[PDB]
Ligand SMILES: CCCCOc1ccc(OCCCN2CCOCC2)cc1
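To begin, one chain is listed below as structure tokens, in the form solved without this ligand.
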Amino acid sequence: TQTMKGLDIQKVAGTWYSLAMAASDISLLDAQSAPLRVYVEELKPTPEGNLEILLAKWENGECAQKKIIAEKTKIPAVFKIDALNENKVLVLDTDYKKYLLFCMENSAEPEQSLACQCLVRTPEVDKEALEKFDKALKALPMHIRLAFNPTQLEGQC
């Protein structure tokens, strides 16, 4: 599968947009109120080497916002979390300035909890990001695959 090499998390700060998603289980994304249907809107590296993830979510008929705290681990691209019934966030690839590929999993049931996303800096559908997303995903047993158009990227959440 994929992975990031010598990842500097300080060069990841700024606004992000969720361009595409994919999950191993269909029920993890199918709908707008899905448990994993979260829209990464901002990443914030901490001085201590951790990551704060700001994501928007369709709850109760409105667009709520939530913050997940990703604590660092021994591996530079692996983080540990405790939110959305997930416990590990793996960064798959990033060029810091355009795209970022990452995944979420639960170490108990990784086949029923794996869900990957493709983040982009601008609210455009970057085709190069979709290349590396589909290239990293062709080895994963994804049963639902989403991709957003600019109109959906321009503020679904």
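Throughout, we count residues from 1 along the sequence that is shown.
Peer 1: Quick one: say whether 106-114 or 85-93 has the higher mean Cα B-factor in the deposited entry.
Peer 2: Averaging CA B-factors over each stretch, the winner is 106-114.
Peer 1: Between 30-38 and 57-65, point out the one with the higher average CA B-factor as the PDB entry records it.
Peer 2: On average, C-alpha B-factors are higher across 57-65.
Just so it is clear, the following notes concern the form deposited with this ligand bound, a form of the same protein that is not shown.
Peer 1: Have a look at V91, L114, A129, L29 for me and say which one sits with a heavy atom within 4.5 Å of this ligand in the entry with it bound.
Peer 2: Checked against the cut-off, the match is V91.
Peer 1: Please tell me whether any heavy atom belonging to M104 falls inside 4.5 Å of a heavy atom of this ligand, as the geometry stands in the entry with it bound.
Peer 2: Yes, contact at 4.5 Å.
Peer 1: Please determine whether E59 contacts this ligand in the entry with it bound, using a 4.5 Å cut-off between heavy atoms.
Peer 2: Contact with this ligand, yes.
Peer 1: Taking the shortest heavy atom distance, is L100 within 4.5 Å of this ligand in the entry with it bound?
Peer 2: Judged by the heavy-atom cut-off of 4.5 Å, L100 is in contact with this ligand in the entry with it bound.
Peer 1: Is there a heavy atom of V38 no more than 4.5 Å from a heavy atom of this ligand in the entry with it bound?
Peer 2: Answer yes; at least one heavy atom of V38 falls within 4.5 Å of this ligand in the entry with it bound.
Peer 1: Can all three of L51, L55 and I68 be found with a heavy atom no more than 4.5 Å from this ligand in the entry with it bound?
Peer 2: Result yes, every residue of the spot touches this ligand.
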